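# Report on the structure
These are the residues of each chain, in order.
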Amino acid sequence: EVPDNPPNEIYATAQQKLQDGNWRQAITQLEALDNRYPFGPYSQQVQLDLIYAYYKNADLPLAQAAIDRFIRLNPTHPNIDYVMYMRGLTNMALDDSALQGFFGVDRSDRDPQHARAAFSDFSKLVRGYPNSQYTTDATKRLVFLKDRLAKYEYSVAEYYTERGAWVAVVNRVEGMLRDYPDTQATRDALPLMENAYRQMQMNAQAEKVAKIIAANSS
Amino acid sequence: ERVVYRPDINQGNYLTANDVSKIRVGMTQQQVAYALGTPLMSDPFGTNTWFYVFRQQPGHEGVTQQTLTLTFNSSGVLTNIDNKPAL
Amino acid sequence: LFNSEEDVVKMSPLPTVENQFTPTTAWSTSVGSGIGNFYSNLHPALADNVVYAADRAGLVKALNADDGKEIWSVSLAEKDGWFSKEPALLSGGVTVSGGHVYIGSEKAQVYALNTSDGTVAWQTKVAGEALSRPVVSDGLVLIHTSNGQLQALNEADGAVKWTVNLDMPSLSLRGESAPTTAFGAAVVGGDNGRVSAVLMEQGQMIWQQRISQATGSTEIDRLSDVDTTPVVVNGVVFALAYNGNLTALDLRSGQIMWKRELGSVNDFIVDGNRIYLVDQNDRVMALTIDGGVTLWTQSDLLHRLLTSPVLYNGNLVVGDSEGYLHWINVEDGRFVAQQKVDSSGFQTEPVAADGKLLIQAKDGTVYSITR
Amino acid sequence: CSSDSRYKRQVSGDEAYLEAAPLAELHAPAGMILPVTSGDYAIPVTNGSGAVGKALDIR
Amino acid sequence: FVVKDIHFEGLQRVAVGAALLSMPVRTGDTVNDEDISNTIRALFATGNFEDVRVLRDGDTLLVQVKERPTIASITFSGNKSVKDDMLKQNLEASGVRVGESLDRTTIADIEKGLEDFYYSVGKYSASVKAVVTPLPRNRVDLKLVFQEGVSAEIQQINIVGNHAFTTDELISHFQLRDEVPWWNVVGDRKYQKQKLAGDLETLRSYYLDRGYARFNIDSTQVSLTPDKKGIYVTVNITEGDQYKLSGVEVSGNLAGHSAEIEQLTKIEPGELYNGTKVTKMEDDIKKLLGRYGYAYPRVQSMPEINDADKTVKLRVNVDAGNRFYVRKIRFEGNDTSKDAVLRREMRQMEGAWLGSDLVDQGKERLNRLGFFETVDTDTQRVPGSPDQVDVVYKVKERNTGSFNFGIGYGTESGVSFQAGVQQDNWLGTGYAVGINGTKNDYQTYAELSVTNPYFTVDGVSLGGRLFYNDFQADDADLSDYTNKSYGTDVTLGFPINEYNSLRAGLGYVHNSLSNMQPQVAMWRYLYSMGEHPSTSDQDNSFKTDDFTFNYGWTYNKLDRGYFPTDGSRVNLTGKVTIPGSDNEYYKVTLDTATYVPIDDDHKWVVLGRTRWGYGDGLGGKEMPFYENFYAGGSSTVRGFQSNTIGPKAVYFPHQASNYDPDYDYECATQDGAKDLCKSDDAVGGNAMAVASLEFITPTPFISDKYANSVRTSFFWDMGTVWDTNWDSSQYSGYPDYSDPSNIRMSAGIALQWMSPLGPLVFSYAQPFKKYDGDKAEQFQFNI
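Residues numbered from 1 in each chain as written, not as in the entry; some residues may be left out. Chains lettered and ligands numbered in written order. Heavy atoms only, no water.

## Things to note about the sheet that holds strand β3 (residues 50–53) of chain C
Strand-to-strand pairing in sheets goes through backbone hydrogen bonds, with the strands running parallel or antiparallel. Residue and element names in this part refer to chain C. For the record, the criterion: At least two DSSP bridges between two strands are required for those strands to pair. Secondary structure follows DSSP: runs of H or I at least 4 residues long count as helices, runs of E at least 2 residues long count as strands, and numbering of each begins at the N terminus. Here an angle of 0 to 180 degrees is reported between the N-to-C directions of two axes, which are lines fitted to C-alpha atoms, with helices fitted over the stretch in contact.
Judged by pairing direction, the sheet is antiparallel, and its four strands sit side by side in the order β2-β3-β4-β5 without closing on themselves. This sheet does not close on itself; its edge strands, each paired only once, are β2 (45–47) and β5 (69–75). Across this sheet, the average inter-strand angle for adjacent strands is 15°, counted without regard to direction. Judged from the four bridges that link them, β3 and strand β4 (residues 59–64) form a sheet pairing that is antiparallel. When the bridges of β4 are listed, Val 51 appears paired with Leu 63.

Right, dumping it as structure tokens:
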């Protein structure tokens, strides 16, 4: 950190190490800048530049720590849309990260743990600030995590298909049904649960859903 | 294919014959659900068809099911006790 | 290096070693290992040239007090129960009242050994082991046991006359309350820092005076057994509460004349108005009886784990649980004589009786002392 | 560092989360339709201010 | 008066205007002298102004304040094994921390409560000295000096009120084997009041099972010994006349399973009372009803202790609840591995009633997985109907995969290297993938071992293992023992029991060799084959295409998948040849892994790992020499070198390896060492008996963050590898290995570092009983 110094030379060295990309040395400045001066005139911007130092150094719980600091330091601020962006943006990096993506192996169906948390913050962002510079960005992520939930919830419906729990197939399909309409995976879940009906010999209850397939052919 | 062993596939969510005699055509959904609760599958887009369907597979000896579906009206009043055996 | 780099506790030595009247021992007649390093209330009595000394191992002895020649000897090491062949394990000390040797044991038994031979004239199981010496008087065996029970046994047979509650400590806040008969009322100490007077005749509370408080948020002495037993000169009762808190208070009401709620004293005797004591730093002090006025004090003993202060050979005599003996001026702290006759440390009070100074150690048992 | 061939930290990273597009939704009538959204799925799709992706300020 | 202006003197965290609003004498407001006195307490009510002196210059106010705020640091000195943050937790209890108001008056408040903390430790012999050390503008370093004297130690237990049982049997509620005489110091018997309350309830369970149902600990009095260490006690109890179970009258909502409940309460009327068994017998019903559904099986016993016949009467009040509870289940802590990998390790199904014994069995496969850190769940009822209990399987998962390598032979030599890497749980799918091999000039070796462990719904372990050794031992020729060994091994693992699981396979052993080394034990096998290669020369070819039938069987009753602690897994691995194979032989092998708890808290656990093997011909021939057994170095026995345990062969008196290099790689060859040179590498025996005896111990110098995943373990190794068909005529001046008395020996400690690349095992071991050819590097580094 920084010893007891003038705050602006700490703040200059904070913004230098952000422009240097030395996020740790910006973290060295910005925290001790707010450790002695949380009453700083940029101490709100410090917490934003902390998240800028944290996320660009991929310090995801520390970015969320600077979020909850900024929640406590600025419970009202213009940049809470930034916070509701940097909440959902952090959890997206917090949910799934792997180098296997070029091989056709992806983590979009393993567990949407922080992806559901990123869904909440981003949907809060596009609800609490549908005017920000962050609500337009978050929407395609909210589009994305809906699919990441759709990839997740199809595979468990796929799991009980090889298991043979056909009540669980219909329930996990209805999990896709009752949560997001705008997914082809839910549309392919539409034959998947009527199979479960026919394995339960509910062919009549099945073919109602084939009409829904006939309805959702478009 | 020519095995005797197989780990069995099992599946609850059903009702008994005591639960069959617990209900009758005319019974409200709640009056079914007083001692039977809700099924773990119902009919979402149509009328209330309370699916209490037993399923099980015995290992390399056939298949079994008790499909007991309980259709209700819009008022949730019982219209059929539809017990169905295997296949 | 790290054979010796472990933890360490701090103490203080024994300054001012003097021998102005060159001391010695009167005799040794060792009972064996007595109390030992166990924390017990056992302590021998000396009378009639009969050293009434015992051990928790079992050997209760009568020793002829010029050499401690064996008058009688028995063994209270018991032989049966749910465990056979056990030692005596005496909790309460030696009380010889009449032809009995009344001793409360850690087997929750109060005995009475026929003083002619030491044969058990009676023994009675009491409610818990005896935290105090069995204060035997008036036909009663007045004990402060572990559970805060003032009991009375008919001292001829041990027939229980009552068993009534006292200041019950939150733990074994081990304080000898030792209920003595004081002017027709049994005046009892308190292990939670109280002090009480009850009726001698049936244990009917004259008053109980809350002086000091229990362990917890004013945490009290686990570096001493505070002499909570009220020593009763005329009806200003002088007593410690379990933080060492000396208190001059009325016999009949418990109303304070002065008290040392601030003061923390290990052991104490009232030599007239010169209350000779052992302070919490093992310091000797002479306090007044009309106040906490230090008449004199001394640090010739400091962290020297003293026994009770006693007057013998014209001097304030003090032994310790280091095994030293010290003779102090009756006045201002002049160390008179030092006798290192023990190394096992004295855990008993000095008995300045039979012309002697009878102290039984933990393991260096009876060392009777003269100068 | 890569002090041998000077080939530094290279090809990685993506923004496919922004590049994801929603899919076809249910066109089912009554008796074929059910409730379709339940949860935090409440998103005002706003081109209220854009500058999406890496061009957005994360400071 | 009225204030002209206020001098705001000394804030350190307060603002000037924030002091002005907290002043009731703010600028422009009427200021009486009482409002000045109102200000002092109100600026004392700020919690940050150590002094407040509200003064005025006639009317111009000036408030002399010394201030309380930010503590610069809190220095802990003497902050030993009783760690400083819990000491700081008392500072966090007393309101002080870095950044905060200090209030230097409250030092003794901290200096009491830290001792009261030290009181609760098991000490009281300690002193705490908080030192104020000033830093800029108010700031203070809190130097805290911990002169910790000593803790308390358990010495003696005195219990009165014992009716018929010994106090000493209650002293044994905590176990001791230690001593401190300055020459046998192995620990002590220190005090904690929760050891006592544990021993109190050990004493409670001590008499409940006896029958004592007037049993009550009357009171307890623990000593105030004048040392602050000596732990003596006076416990008052009443055992009270052991009672008998004279009848069970279980009642309530028995859910139609009352006879099954009666099976759990099949009791004897008049047997001595065991409330712990009764406590067990209630739990028998709660799992039976838990297997019958009924996740909330309220079962309430009532031992109507019948004091007249000195017995009890066991009323039990049962309330099962609802049968169907398992609506669905959830899974969490799963962001990398696929859900159906863990979901197939489950036995309770969604849309069902509860089998209580299914959810832990599924978790046991998850416990026996290995790439978990924790395995647990959240069995929450979804609120509403009594059909909605969603079991949220939140677990913690561990890294998968590990890389292995050799040593040396690179960048100052040819293109030559040793490789090998593992991807068990391949990319979150569960595929057990292990692939190794090495491309050198001596040899080109290929090996894959890939499994579909779960290929059907049975859990069929579809495991394929392919191999190709283009092994030449190419030093300057391949006529120093060419060996082209290749083929396949397809294996399947099957549930028979779910502990007892059988294995089977086929080996295609295509070994194409030329110009065999003249060691006799290799060539005795060739003579056992009926082949007569020319003794003094490495010139003779030998191709075999052996067709073997492999088999085996797994025992699996043992806790975890990567760090178990109790149980055993026994692993038979055997093989035999078939008619049509180029040699008729067999080879049986077995390894076991039993986990016997030394400590019943499993801080010390016996690890019984031993290997047995025997192989021979099916008639006329023997087992091939490359299938003979070995040990040494990287084996059960450490501190040796690899293949240094076993029989050692003798070369033939030899001339022509088709040119062994000059005075290099000798086989009693043309370049010297002739007339039956005894080889010193362990050519190994047709039988095996090796073992290592490992004992798990934790480390306190490293925190137990991964010291429960780091298996520090001592050993003493013993074992033999021996050829029970060793000749005594051919090997007469050469050691006879027909006996299993060739028991090698070593002793040392293993160092298993669980890296992000998995466990890394290092081992220094000292051999004490060795034999001929036992080459020994006392440290063994393994990956």
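That was the structure; now back to the text.
## Comments concerning the pattern of salt bridges
To be explicit about the condition: Here a salt bridge means any side-chain nitrogen of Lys or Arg lying within 4 Å of a carboxyl oxygen belonging to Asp or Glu.
On inspection of all chains with the given rule, the structure shows 64 salt bridges over all chains. Via salt bridges that share partners, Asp 95, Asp 96, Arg 107 and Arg 148 of chain A belong to a single interconnected network.

## A word on the side chain of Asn 158 of chain E
How we decide: Burial classes follow relative accessibility: with a 1.4 Å probe on protein chains only, a residue under 20% of its type's maximum area counts as buried, one over 50% as exposed, and anything between as partly exposed. Here a polar contact is recorded for every N or O atom pair within 3.5 Å, except that within protein the pair must consist of a potential hydrogen donor and a potential acceptor, and residues adjacent in sequence are included only if both atoms are side-chain atoms. Contacts between residues were defined by any pair of non-hydrogen atoms, one from each residue, lying within 4.5 Å.
If you trace the backbone, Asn 158 of chain E turns up in strand β10 (residues 158–160). A relative accessible area of 9% means that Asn 158 of chain E is categorised as buried. Here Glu 106 of chain C takes part through its backbone oxygen, which lies 3.2 Å from a polar atom of the side chain of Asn 158 of chain E. Reaching out from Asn 158 of chain E, the side chain makes a polar contact with the side chain of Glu 129 of chain C at a distance of 2.4 Å. Excluding residues that lie within four positions of it along the chain, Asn 158 of chain E makes contacts with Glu 106 and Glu 129 of chain C together with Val 233, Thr 234 and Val 235 of chain E.

## A few points about the interface of chain A and chain D
Applied cut-off: The term buried area refers to how much accessible surface (probe radius 1.4 Å) is lost by two components on association, counted for both of them together.
Taken together, the contact pairs 49 residues of chain A with 37 residues of chain D. Interface area, chain A with chain D, both sides summed: about 3,800 Å², of which 61% is carbon and sulfur. Counting across the chain A and chain D interface gives zero salt bridges. For the interface between chain A and chain D, the tally reads 24 residue pairs in polar contact. Counting only elements with at least two residues in the side of chain A that touches chain D, the list comes to α3 (43–56), α5 (80–95), α6 (113–128), α7 (135–163), α8 (166–177), α9 (184–199) and α10 (203–215) of chain A. Element by element, the count of residues in the side of chain A that touches chain D is highest for α7 of chain A, at twelve residues.

## Describing the pairing of strand β33 (residues 585–597) of chain E
Residues and elements named next belong to chain E. Judged from the ten bridges that link them, strand β32 (residues 567–577) and β33 form a sheet pairing that is antiparallel. The partner of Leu 572 across the bridge, within β33, is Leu 590. One ladder, built from 13 bridges, connects β33 with strand β34 (residues 605–617); its direction is antiparallel. Considered in β34, the bridge of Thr 594 is made with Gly 608.

## Looking at the domain arrangement of chain E
Which entries qualify depends on this criterion: Where each domain starts and ends follows an automatic or database-derived domain assignment.
Segmentation of chain E into domains returns domain 1 (6–64), domain 2 (71–150), domain 3 (152–238), domain 4 (244–319), domain 5 (329–397) and domain 6 (449–462 + 473–717 + 749–781). Each of domain 1 of chain E and domain 3 of chain E has a C-alpha centre, and the two are 60 Å apart.

## Structural notes on the UniProt feature "domain: POTRA" in chain E
All names here are of chain E. Which entries qualify depends on this criterion: UniProt positions are given in the numbering used here, feature names are shortened, and annotations may be inferred rather than shown by experiment.
If you check UniProt for "domain: POTRA", the listed places come out as residues 1–68, 69–149, 152–240, 243–321 and 324–398 in our numbering. Across residues 1–68, helical content stands at 28% and strand content at 21%; the span's end C-alpha atoms are separated by 29 Å. Here residues 243–321 is 30% helix and 34% strand, with 33 Å between the C-alpha atoms at its ends.

## What to know about the packing of aromatic side chains
Applied cut-off: When the centres of two rings from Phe, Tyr and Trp lie within 6.5 Å, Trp using its six-membered ring, the rings pair. Their planes under 30 degrees apart give stacked, over 60 give edge-to-face, and anything left gives tilted. Distance and angle both matter: a charge sits over a ring if NZ of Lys or CZ of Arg is within 6 Å of the ring centre and within 35 degrees of the ring normal.
Counted by the stated rule, this structure contains 57 aromatic pairs over all chains. For the ring pair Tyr 14 of chain B and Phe 54 of chain B, a centre distance of 4.9 Å and an interplane angle of 70° mean the geometry is edge-to-face. Within this pair, whereas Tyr 14 of chain B is found in the loop between β1 (9–11) and α1 (17–22), its partner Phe 54 of chain B is found in strand β2 (residues 49–57), the two being separated by 40 residues in sequence. According to the relative accessible area criterion, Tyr 14 of chain B is buried, its value standing at 16%. Both rings, one in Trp 726 of chain E and one in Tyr 731 of chain E, keep their centres 4.0 Å apart while their planes meet at 15°; by these two values the pair is stacked. Across the pair, exposure class does not vary: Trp 726 of chain E and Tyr 731 of chain E are buried alike. Members of the aromatic cluster, connected to one another through ring pairs, are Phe 165, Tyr 206, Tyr 207, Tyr 212 and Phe 215 of chain E. A cation over a ring is seen here: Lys 123 of chain E above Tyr 118 of chain E, with NZ or CZ 5.8 Å from the ring centre.

## Overview of empty space enclosed by the protein
Quick reminder of the rule: Lining residues are defined by having an atom within 4 Å of a point belonging to a cavity or pocket. Those points lie on a 1 Å grid over the protein atoms alone, cavities being sets where a 1.4 Å probe fits but cannot get out and pockets being open sets with protein on both sides within 12 Å along at least five of seven lines. Grid points are joined across faces, edges and corners, and a volume is the space filled by probe spheres set on the points. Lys, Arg, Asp and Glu make up the charged group, whereas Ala, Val, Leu, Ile, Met, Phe, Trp, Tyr, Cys and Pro make up the nonpolar group; the residues left over, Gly among them, are polar.
All told, the structure shown has seven cavities of 30 Å³ or more when counted by the stated rule. The calculated volume of the largest cavity comes to roughly 120 Å³. The wall of the largest cavity is formed by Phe 38, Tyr 39, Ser 40, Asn 41, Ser 91, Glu 106, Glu 129, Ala 130, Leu 131, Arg 174 and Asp 225 of chain C. Here the lining of the largest cavity is built from residues that sort into four nonpolar, three polar and four charged. When its volume is computed, the second largest cavity comes out at roughly 80 Å³. Taken together, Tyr 159, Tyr 160 and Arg 163 of chain A, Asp 8 and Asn 10 of chain B together with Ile 329, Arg 343, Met 346, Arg 347, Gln 348 and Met 349 of chain E make up the full set of residues lining the second largest cavity.

## Observations regarding the sheet that holds strand β21 (residues 284–287) of chain C
All names here are of chain C. In spatial order, the strands read β19-β20-β21-β22; together these four strands make up an open sheet with antiparallel pairing. Taken across any chain shown, the strands that pair with only one partner, and hence form the sheet edges, are β19 (265–271) and β22 (294–298). Looking at each pair of strands side by side, their axes are set apart by 15° on average, direction ignored. As defined by bridge partners, strand β20 (residues 274–279) adjoins β21 across four bridges and the pair is classed as antiparallel. Of the residues in β21, the one forming a bridge with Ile 275 is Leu 287.

## A closer look at the arrangement of the chains
Take the six pairs of chains in contact: the one carrying the most contacts is chains A and D. Chain C makes no contact with chain A, the minimum C-alpha separation between the two being 34 Å. What separates chain C from chain D at the closest point of their C-alpha atoms is a distance of 44 Å, and the two make no contact.

## Considerations on the interface of chain E and chain C
Size of an interface: often given as the accessible area lost when the parts come together. Chain E puts 34 residues into the contact, and the matching count from chain C is 31 residues. Taken together, the two surfaces of chain E and chain C that pack against each other cover about 2,700 Å², and 54% of this comes from carbon and sulfur. In this assembly, chain E and chain C are joined by two salt bridges. A salt bridge links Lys 112 of chain E to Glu 219 of chain C; the shortest N-O distance between them is 3.8 Å. The tally of links from chain E across to chain C stands at 17 residue pairs in polar contact. For the side of chain E that touches chain C, the secondary structure elements donating two or more residues are α4 (107–121), β10, β11 (216–222), β12 (230–231) and β13 (233–238) of chain E. Within the side of chain E that touches chain C, the residues separate by chemical class into 13 nonpolar, 14 polar and seven charged.

## Regarding the packing of α3 of chain A against helix α4 (residues 60–73) of chain A
All names here are of chain A. Using the following cut-off: When describing relative orientation, an angle under 35 degrees is termed roughly parallel and one over 145 degrees roughly antiparallel, while 65 to 115 degrees is termed roughly perpendicular and anything else oblique. The sense of a crossing depends on the near helix, which, turned anticlockwise from the far helix by less than a right angle, makes the crossing left-handed and, turned clockwise, makes it right-handed.
The N-to-C vectors of α3 and α4 enclose an angle of 170°; their axes lie 8 Å apart at closest approach. One element, α3, and the other, α4, form an angle in the roughly antiparallel class. Two packed elements cross with a definite hand, and for α3 against α4 that hand is left-handed. Along the contact surface, α3 presents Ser 43, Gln 44, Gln 47, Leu 48, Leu 50, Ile 51, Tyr 54 and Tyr 55, while α4 presents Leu 60, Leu 62, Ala 63, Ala 66, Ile 67, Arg 69, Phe 70 and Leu 73. Taken together, the residues of the contact of α3 with α4 sort by class into twelve nonpolar, three polar and one charged.

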